[PDB]
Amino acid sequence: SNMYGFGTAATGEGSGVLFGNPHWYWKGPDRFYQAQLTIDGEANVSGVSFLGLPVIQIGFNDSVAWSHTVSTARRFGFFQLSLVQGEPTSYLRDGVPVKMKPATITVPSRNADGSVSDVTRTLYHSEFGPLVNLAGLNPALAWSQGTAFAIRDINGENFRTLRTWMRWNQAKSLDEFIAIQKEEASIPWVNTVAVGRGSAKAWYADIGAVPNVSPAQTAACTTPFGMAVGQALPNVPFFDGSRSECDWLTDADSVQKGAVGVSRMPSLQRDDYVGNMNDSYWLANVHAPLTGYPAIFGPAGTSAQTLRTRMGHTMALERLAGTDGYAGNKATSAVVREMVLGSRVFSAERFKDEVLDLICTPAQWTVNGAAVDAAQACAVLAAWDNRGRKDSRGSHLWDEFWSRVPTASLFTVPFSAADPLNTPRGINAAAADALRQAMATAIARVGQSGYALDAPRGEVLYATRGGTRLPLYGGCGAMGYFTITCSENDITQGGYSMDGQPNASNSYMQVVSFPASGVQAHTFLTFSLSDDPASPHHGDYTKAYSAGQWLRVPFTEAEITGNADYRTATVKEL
C-alpha cells in the first residue's frame, strides 16, 4: 500500500492533494466496495468499505480525505505460561495457580460422504488472551507439562474502531480529524495520512492501538525461548506470563489498558508532503525524519528501506523538483493521477545498466558447465524503458531475473541512514556468476511461458472480462514498482493473469483535492464493484483501469443526478 498527503506548498493551491492507494485483495470479503453515504444532517461520506462493513474506512467528505497503509508496528505479543505441575490447564502467576477458562465447542462438519457429523474440542483462555499452539513456530515450543503459550492482541479489547471511522466520516476539518484520532487511539493495524480543506499541512500518523512495553521491561521479561525466537518475531514482546511486572504498561495519556499513550505515538505535519509505502514511521517525510518512538513501531533508520519505499519517496521529491518529466513542479490532482500509474521500476532504473555492463560482455556464457546465449536477453534489457507500461518490452524478463538475484553480498554500498533513498547500491562484481545464473533461469522461464523476451507487458499482465484480456501495467514491490499489479500466477502458467487471487495490488485508488467549488475525487476500483460475472459491474471499472481512465466520482447531489448513467430506486421495510 502507498499513500501521499501533499500540502499547499506542494500543490500551489488553497488545499492539498490526498493520494490513497491500498494494495489489497482482489477477491473475498476483505475486498473493497465503493459507495457514498448521505445521511440527513449527519454525514456525507464517500470512499470504500470491506464487504460486510457499514462505514467508510478510506475516503473523503466535504472537508477531509484520508487513507491507510499497513503499519510496521506490532499489534500483539506472546506470554509464556509456567504450568502448575499435575495440572496442564492451569498456570502459575506470582506464585498462585490460576485456571485457564475452558470452552467446549462443537462444530458440525460435512463428511466427504455427504452426511453431517459433529467435531468437538475444548479450547482455553488465559487472562492475556487465547492459548496458542506454537509447535509450528518451533517444535520445542509445544504445550508441554511444564509450559504453555498464549497470544495477546491489543485489538481483542479495542471496541472503538467503528466509531472512529464513523466520526471521521462526519469530520468537518483536518484539525477535527486529528483530534478524533488522538481521542480514540483506536486505529488497529494501519498508518493514516490525511489532507483537509483550507489546511496547509498534510497529516501522517501511526496513532492507534499499540502494545505498551518498556525497554527495561523487555530486558527483564523476555524468556529464554523469547530470546531464541526473537529474530523470527522482530519487536514482538515475548514475555514472562508468570510475573505481573511484565504485564503491558499503561501511560498517563493511554486510552486503553496495556496500550501506548497518545503523545508517545509518531505523527507528523508537513506543508510539502508526507507518505508511506509500508515501511516504518521513520521516513514520513524524507527531509524531516521521525525518531524517538517505542521500538515496537518498527526500525527508525536502522534498516534499509524497501525498493518500493525508495521509489515512492523518489517520486515525491522529483515531482517537487520538477525533474520527473511531468509539467511544472507541483503535486496537482491532475499530475498526481498520471504520476502514480507511471509504473517506474526502481531496481531497473538504479541497477539494470550496472548488471548489464557486468555480465553482458561477452553475452555468450558458461553457466553451470553449460553454453548459454544471452545476447538477445542483453539487447532486449538494454533497449527496455525500465517501466512496466502496457507497451513496455522485456519488463517481464526483468521480473523473472530480479526476483531470482541472490541478495547476500549483492550491494557493495551498504545502507546509510544519511542517504536512505540511494543506499544500499553498487552491484557487486563478485556477484557476476550468480547474476548470470539468475538471468539464465529468467530466460528459460520466459521461454516456457511462450512469451517472447521483448513482448509488450500488456500481453503478459492482464485481467480477463467478457472473454477479453484487458492489458494491465505495473508490477510487484519486490522489483521496486510503486504501481502495483502483482500476480500470484507463475509466468509459465499463462502469464501474469490477475484473474485468480493476486497478491496485494492496486484496488481502491483515489486522488482527492479541494478546489473552491468543493471536493473533487478521481477513483478506481480495479477489480470492479461486483463479483458476479453476469453483472454489468463485473468488468466496467476494470476496463477503465486498463485504459488509465480515472473515474471522476460524483459527490454533490447535482453531480449525482446529472451523471450520464444515473439510476435511482427506493427500498423500504419493517
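Each residue number is its position in the shown sequence, starting from 1.
With reference to the PDB entry, specify whether the mean Cα temperature factor is higher for 155-163 or for 490-498.
Looking at the recorded C-alpha B-factors, 155-163 comes out higher on average.
Hey, which bit's got the bigger mean C-alpha B factor in the entry, 322-330 or 102-110?
According to the PDB entry, the answer is 102-110.
Checking the entry, which one of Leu381, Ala150, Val193, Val335 has the top C-alpha B factor?
It is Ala150.
Reading the B-factor column of the entry, which of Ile443, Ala430, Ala200, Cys360 has the highest value at its C-alpha atom?
Top of the list by C-alpha B-factor: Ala200.
Ranking every modelled residue in this chain by its Cα temperature factor as given in the entry, which third contains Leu410?
It belongs to the middle third of the chain when residues are ordered by C-alpha B-factor.
Check where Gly14 lands among this chain's C-alpha B-factors and tell me if it's the lowest, middle or highest third.
Within its chain, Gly14 is a highest-third residue by C-alpha B-factor, going by the deposited values.
Thinking about Cα B factors across the chain, which third does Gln437 belong to?
Middle third by C-alpha B-factor.
Cα B factor band for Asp272 (lowest, middle or highest third within the chain):
Middle third.
For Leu551, return the chain-relative third of its C-alpha B-factor as stated in the PDB record: lowest, middle or highest.
Lowest third - that is where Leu551 ends up once the chain's C-alpha B-factors are sorted.
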